[PDB]
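Q: Pasting a structure here, questions to come.
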Ligand SMILES: CCCCCCCCCCCCCCCCCC(=O)OC[C@H](COP(=O)(O)OCCN)OC(=O)CCCCCCCCCCCCCCCCC
Ligand code: SF4
Ligand code: SF4
Ligand code: SF4
Ligand code: FES
Ligand SMILES: [Zn+2]
């Protein structure tokens, strides 16, 4: 199936010259823009009415913490082996409880691509990618997040993260 | 929601019905918090369902001339709208 | 046509490699050895040509490992000693071929451990 | 000092960083919060530990609280279980 | 007849039956100087013959087209004229000869 | 989980592969229809213009468009680069691959005459891999920097190159600098050592 | 020449009398998935993850302990020797504790791979 | 052993090209300095040209010298045209880069790399 | 003549182009476009990255068409593995592929106009594009480079309200098209700027490898969605909008029709999307579900290996082409048995089109060249790769 897109009695000839001389056809465009100043602008008041998002929105990373208070990250290295931007370095140790935790964790947020391959690989739901997107910075150093700007970060949005995890866990 | 005169201004000037097709979402939008879902999930030996191992290494290979494949059937003009 | 030449086809000047990374650098053709931690022999079958290990240091600001060896993550994979020596000579690198080390045949029998 | 040390030595020049600034350091050390938790008593020899959740917690591992001598600790939650 | 062959460049050619007969017949000849048993001569002479066979069996263009199974005849021609050019070009490159040089060893083994 | 495939194609195309091999015996070294149901005619480098002209202008095989020209570099093979030309027949609704081999110092001909699409692709193959195309109008770097030294997609070229750029106040220009990366790229040796049963 | 001839899916290799079925596959180049068999350790047969099917034979044999005999063709990728691995791996994994992100033999596991391949 | 010629058959034949490039470059350096408002002197630049044409002065495989010319000519085209800006051309002078010492004692004294 | 290097920063085109021109007085004698201003090395980097961790390279090749770029790779990796996506996933890829064609065309038609000087069409349609992004954000999580059409399927099921919201957008979108339609189709000014500019003859278009609306605009009949069907397009009905007089206008009119035809395809996909799962579920290729990996050992091992190492696709090579909104987008993926690819040649509908600029824009003034780039819908990510 194919469709052609672009393929004289005086009545027609006068009609053609009534649409070329007394332009009547650029007028069907002027009335067309006059049809829009009288409509409601779509603009949202930005700072006060932030636009709509979804519980799936991938933004600023954060390290969730078990309700008890125990970091969820068990230093698998299942999240830099997949991070395609090669952004994460999670050097670990036994934490002197005999347990298994990070001494090091890192994202360089100037290399990350917010692909969420780290939140879907984590078998424990430690690293997530929160719904922040107002975290611009005046400097380069404030984007190389450490384990303590991700853990207290996750000690901030956990009321707001878990609702979205619980909201999308089934679909995932 | 606009004064009828102002909106008839936009319907007459546009030339098209405009209350019907809004570019703004008032109640058209699905509300958030959709009820939680329940996504749908013998002789299931992987050796029978092996896509990866099913493939084979590439085959290497009076008489009448043969085209690569039968010539493409020419299409035909659309029934609903032949010319637009 | 068919001119005759006698060089080891040194394309060192067509490659574009900064001199110091074509002069003071030794490739080490070798067939990678098995990871004692596993018993799979599929990673010890193709000859690799890896380069020398230069400085891996620490980024003062974040503590990451930094480096100035452009040819550090380079592990070309060949299929025979002959084809690796050829590439290294082709590019003007120095080589240190290491012969393959296939396990010899060790005879194993179940009953043997039942003798007395 | 972070839960993992890191405290810069006074002489370290790596301290300028925090001048006219400060140091991001989490006050909630998990070494202690997990110790501020009741050993989960159980009846059975072995117990599970889905991480207090199904698919919202950690992989499910069964711990052998078989010796009162030791309270099994799921390698994921650090929760001690008292037989 | 046809006002415009769809494709932009190809222009309506009157006397389709004629243009073709000439192009097809020329070709049937250029093939002659080819070695007796050269696939090209053996196959291209098998095709050109069938098309000349229909170009003269049916005198209605639209009909002819369906038979030649090409597009607008203005195309069946465009092609008839190019085969002729390949036929001239082939008689020089002498593709029928034995292989120039067998691949070096292992030049076609993908899992290398 | 097993592709829905048509055997008609394997056969039809296999048959064309024998047709092309019979019509051009002098340049074709091996023809094979892969199990992905695609065809590959491997030609001696000298056959680049004869093989592609036959396909562009033959009634029983019209391959009017050049989908792409690319060069895999297998460093082991003596002739490393394996120039591959993928062509499409609008008339027969089928596609073909003609692949030939070229070494660092042996140039192959340019098909710009056969298809003008290749004028750009051949420039990219020269810039990326260093293969030179004979009698090619305006061969010159398409993608790399004006002063770039080295052919980048060659397997023997470091991912991150040897030079980087920065603005130096003292000279007020964007100056190059030997590459120092703040975090070397962790190269992961992820590759299993237990092979799959074929 | 006491070589005895035995077929590996047809390659028809010739081997010294007394070489195990697993060893016969090795010289052709095939790898029997194996646990509990180490080259410099005695054959024990504990895992039986190496069950293969010699040809026109009633049952699967342990490639680690069966001395290959004359003219037995080993079929290492048959429809049977895969159900003999798809069903053993079912068992090893059944009692296994899933703490692969604790098990520091994460990528150094000869049990995830063989699960992940066979 | 036998090898197809890229463009020249004998090293001598090719050198004919190598000289037809030297001349070109030489006759161009003056133009560039002025056009690209470069700051280095004509003499200084012309020195660089010889250096390069000289750096490659040891290969004997005609095919290689047949190939470096081409690459060489291409670099003129760009430079003859102003496809290359000042930054590009001036990069041939390692202005910021501190030339690396070569003396062993000069290297041992700095950097574990040889 | 006069070598005016069209601005690399110039607001026209996509701002990543040079286009040195020879000005024979007002008219342009010759164009020598100098692309390379955005060659990030996409094809080099993919060789060092596993098949999943390379999908992202693709949504960032033609950032206007996100999910169709991916649909190529996903089709290419599936063919190498001989696995096919589940039925629901195939409809979802066709549903998202048509939303991307509407958004690419809204990008191409409206940005062409602002280059020409018409500014309002862009604003009216871009609000309609933010509505569509929201559909990507509400299925993937990102408004762009979603990484949703992965090998084997889509990554996650459609949220419970997406298909109703896609109906409401498609229901009212048609009025938005002809609103732009009345603004630009009949205007003296647009037709004069677009009609009979950059005419490309049919055989020349095939020879230059144009393969897109540029091919169909000249009257050649080829879509790649009806010629070599992929996914489930074989089950959806649409009319290719071919055109005559291959001129910018006919090419514009074709792009406006494909937006309309895509609404017809989106209409069928919502009406006939099957119940099922969204990813093939042989765990060797697509990762195991979150509940399964946390309760069954075989799933933990399969999740660990797939994320850390990879699919390990069988050795082979394939060229798979899908009709991306710009034209034929194809990936020649050469694969060793390894988990990470060996070569990935991204054929970009655009490398061929920009080559045609010199031939198409001949006997044309400086202003015509702005229209010539606009009618090739060239975005330099695909050309530069
Ligand atoms: C018989 C009685 C005695 C004799 C009486 C006199 C004889 C009869 C006179 C009839 C006059 C008819 C109208 C003639 C004047 C109008 C201008 C004109 O002639 O049109 C020129 C041009 C046509 O464009 P085009 O289609 O390209 O035609 C050329 C084709 N090569 O037009 C254009 O394209 C110009 C477009 C420019 C952009 C216009 C944008 C819209 C402007 C809207 C303005 C609205 C307000 C206008 C009124 C302002 C009042 C102060
Ligand atoms: S974050 Fe999740 S994945 Fe990354 S290490 Fe900690 S646990 Fe393993
Ligand atoms: S998001 Fe993608 S990129 Fe950013 S960290 Fe997680 S994985 Fe690495
Ligand atoms: S890694 Fe191997 S061993 Fe450690 S748990 Fe996962 S499977 Fe069992
Ligand atoms: S390997 Fe366990 S018995 Fe053969
Ligand atoms: Zn636990």
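Since chain I takes its numbers from Swiss-Prot, the residues it shows come out as 79-463.
Any Cβ shown, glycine's included, is placed from N, Cα and C.
What Swiss-Prot records for I:118 is symmetric dimethylarginine. Residues or ranges marked as [4Fe-4S] cluster binding site by Swiss-Prot on the basis of sequence analysis: I:326, I:332, I:347.
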Q: In angstrom units, rounded to an integer, how far apart are the Cα atoms of residue I:332 ([4Fe-4S] cluster binding site) and the residue listed as 'symmetric dimethylarginine'?
A: 32
Q: Express the distance between the Cα positions of residue I:347 ([4Fe-4S] cluster binding site) and residue I:118 (symmetric dimethylarginine) as a whole number of Å.
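A: Cα-Cα, rounded: 36 Å.
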Q: Under DSSP, is the residue listed as 'symmetric dimethylarginine' part of a helix or a strand, or is it coil?
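A: Where the residue listed as 'symmetric dimethylarginine' sits, the three-state DSSP reduction gives coil.
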Q: Can you tell me how far the Cα of the residue listed as 'symmetric dimethylarginine' sits from the Cα of residue I:326 ([4Fe-4S] cluster binding site), in Å?
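A: That separation, Cα to Cα, works out to 31 Å.
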Q: Give me the count of other Cβ atoms within 10 A of the Cβ belonging to residue I:118 (symmetric dimethylarginine).
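A: Step by step: centre on the Cβ of residue I:118 (symmetric dimethylarginine), count other Cβ atoms within 10 Å, giving 14.
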Q: Taking the Cβ of residue I:326 ([4Fe-4S] cluster binding site) as reference, which residues of that chain separated by at least 6 in sequence fall under 8 Å from it?
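A: The answer is I:272, I:273, I:275, I:276, I:449, I:450, I:452, I:453.
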Q: For residue I:326 ([4Fe-4S] cluster binding site), what is the secondary structure by DSSP, using just helix, strand and coil?
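A: Going by the DSSP assignment, residue I:326 ([4Fe-4S] cluster binding site) falls within a helical segment, counted as helix.
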Q: So if I draw a 10 Å sphere around the Cβ of residue I:332 ([4Fe-4S] cluster binding site), how many other Cβ atoms end up inside it?
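A: There are 24 such Cβ atoms around residue I:332 ([4Fe-4S] cluster binding site).
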Q: Taking the Cβ of residue I:347 ([4Fe-4S] cluster binding site) as the centre, how many other Cβ atoms fall within a 10 Å radius?
A: 24
Q: In terms of Cβ proximity below 8 Å, which recorded positions out of I:118, I:326, I:332, I:347 neighbour chain G?
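A: Cβ contacts with G: none found.
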Q: Which recorded positions among I:118, I:326, I:332 have a Cβ sitting under 8 Å from any chain A Cβ?
A: I:332
